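For reference, the chains in residue letters:
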Amino acid sequence: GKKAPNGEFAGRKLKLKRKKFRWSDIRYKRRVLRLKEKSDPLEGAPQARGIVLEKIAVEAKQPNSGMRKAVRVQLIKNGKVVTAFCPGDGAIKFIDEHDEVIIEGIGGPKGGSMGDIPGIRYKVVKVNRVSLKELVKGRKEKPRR
Amino acid sequence: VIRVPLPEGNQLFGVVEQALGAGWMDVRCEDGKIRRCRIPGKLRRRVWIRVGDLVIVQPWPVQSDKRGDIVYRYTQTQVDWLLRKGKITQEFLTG
Amino acid sequence: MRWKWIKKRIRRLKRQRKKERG
Amino acid sequence: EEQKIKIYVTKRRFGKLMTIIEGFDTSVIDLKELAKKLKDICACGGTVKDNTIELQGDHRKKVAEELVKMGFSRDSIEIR
RNA sequence: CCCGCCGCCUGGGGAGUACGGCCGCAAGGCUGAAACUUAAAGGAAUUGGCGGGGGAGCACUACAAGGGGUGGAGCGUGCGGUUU
RNA sequence: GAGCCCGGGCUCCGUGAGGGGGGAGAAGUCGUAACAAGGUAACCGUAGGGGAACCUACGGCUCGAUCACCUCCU
RNA sequence: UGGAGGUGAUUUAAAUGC
């Protein structure tokens, strides 16, 4: 007998087996409880605006060294401290301290910061409801306050 | 013809004050501040840097008053040249 | 190794369990 | 009271230079326990060698400061 | 190769740990996560290098045996350093 | 027959000195633990001891050691 | 020709290296 009971009336055993053994998929367990949804702030969401507390630059990882542009932003309803990775070359410039900065994830919600960056779970898109890739190109719009 | 590199831009002379381990050293800088400084791997594999050495420090663009990279370490003869040229003082070296 | 760990785990446990017991 | 002490560098093995501590009254002070405590402060190897403690590496200031912490007179201690 | 049942597993490390409960005189046991982090953890065999691994065989930049000598001095020379 | 209130008990949310560990950074220090019999084979459960890697006892195991010595087996 | 035990075992050869 390769595992399983096989027999007309047994099925229930089957039926509980699977479920018992389903909870060894971390991902499945996690969603079905909602640990994905509780822990890594957002309250689950696509994105979150937040006030730029300051600008900080951190070091790169193991084979690497280079100053990544990171913000510290506070999500507003979430009310949680988030350090964050900023796309683009010049950028850290166009972000004034205490402009609104909308924030997203970057590269699988699992926790995985991209290979270079240690911490950074997240991405920035915006400065005063106009984005960073729009501010890398000179023409498209340029910033205020 | 002796030639000795000099700090450029916002770089500063500094005297290494303490080895902190793993490519980090505290450096007493010519602006009177101590900075916690990284030795880049490229420099780490070229020179031996010790407490008391005179170095060039590049302050980081953020927390410029507290952090930097060591970008050059002077030899003793170069230190003597810098003294003679007035780029540093003996009082600064000794601390 | 597992010698190590068992006694480290035990010492951690005891010392901490000492700190709980106290 | 009246307990003086000398702390100085002493040749050792791999590393650079050991650290020697002498001058304790061995009838009152247990060097074995002192050494164990000092070894934790410096995180290095060490032994009681006769009426002295020898620590691997240079830990003169560390040791002096710890001895003061432990109740030994600041003025009884000399680092050479 | 088939047929019947049962236990257990579901990448690594965190951790066989925390908490909770149960058991145990105590020492402990049984049960048993998560936050976080990683592009590996691993297994077998192949080759090579290696071992204060084993056998066989040579060598004269080998060692023994042996003859001479360098290292002591003065000088010649090239260098390290210092001086310029 | 509601809301309302009062005294106590229990639980949960926002937040706090202090405290634990992880994956790391790999230029300081101590040692040589394992990986070659790693230079005292190694692991293993249990117990004590040591700053640390770890050592030792007792029992087990070979995922065990290199010839040698003795014993068996296609 | 290839496999399993039982016990002598050898201290004359030294720690580390980004």
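Residues numbered from 1 in each chain as written, not as in the entry; some residues may be left out. Chains lettered and ligands numbered in written order. Part of a larger assembly, values for the part shown. Heavy atoms only, no water. Residues with missing side-chain atoms left out of burial classes, pairs and counts.

By the method listed in its record, cryo-EM, this PDB entry was determined to a resolution of 5.34 Å.

Per the PDB entry, chain D goes by aIF1 and derives from Pyrococcus abyssi GE5.

For chain B, the name recorded in the PDB entry is aIF1A, with Pyrococcus abyssi GE5 as its organism.

Chemist: Before we go on, may I ask you to explain the protein's contact with RNA strand F in this structure?
Modeler: Close to RNA strand F lie 25 residues, the nearest being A22 and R44 of chain B together with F14, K36 and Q56 of chain D. Counted by atom, the contact set of RNA strand F within 4 Å of the protein is 57% sugar and phosphate. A22 of chain B places a main-chain nitrogen or oxygen 2.6 Å from a sugar or linking oxygen of RNA strand F. Between RNA strand F and the protein, one listed contact pairs a base nitrogen with a side-chain N or O atom of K39 of chain D at 3.0 Å. Elements that contribute at least two residues to the surface near RNA strand F include exactly helix 1 (2-21) of chain C together with helix 1 (31-42) of chain D. Its residues assigned to classes, the surface near RNA strand F shows eight nonpolar, six polar and eleven charged. (Near = heavy atom within 4 Å. Polar contact = N/O pair within 3.5 Å; in protein donor to acceptor, adjacent residues only side chain to side chain. Helix = DSSP H or I, 4+ residues; strand = E, 2+ residues; numbered from the N terminus. Nonpolar A, V, L, I, M, F, W, Y, C, P; charged D, E, K, R; others polar.)

Chemist: Help me understand the state of the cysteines, please; the structure alone is not making it clear to me.
Modeler: What makes a disulfide is a covalent bond joining the sulfur atoms belonging to two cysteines. Residue and element names in this part refer to chain B. This structure, assessed with the given rule, holds one disulfide over all chains. In this structure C29 is not part of a disulfide, and its nearest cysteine sulfur, from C37, lies 5.5 Å away. On the accessibility criterion, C29 (1% relative accessible area) is buried. (Disulfide = S-S within 2.5 Å. Buried < 20%, exposed > 50% of the residue type's maximum accessible area, 1.4 Å probe, protein only.)

Chemist: It is not clear to me how the pattern of salt bridges should be interpreted in this structure. Could you clarify?
Modeler: Where charged atoms from two side chains of opposite charge approach closely, those side chains can pair. Under the defined criterion, the tally for this structure stands at 13 salt bridges over all chains. Notably, a salt bridge pairs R28 of chain B with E17 of chain B, separated by 2.7 Å at the nearest N-O pair. Taken together, the residues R28 of chain B in strand 2 (residues 24-29) and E17 of chain B in strand 1 (residues 12-21) connect sequence positions eleven residues apart. The exposure class of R28 of chain B is buried, given its relative accessible area of 14%. Between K49 of chain D and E54 of chain D there is a salt bridge whose closest N-O contact spans 3.8 Å. (Salt bridge = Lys/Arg side-chain N within 4 Å of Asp/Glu carboxyl O.)

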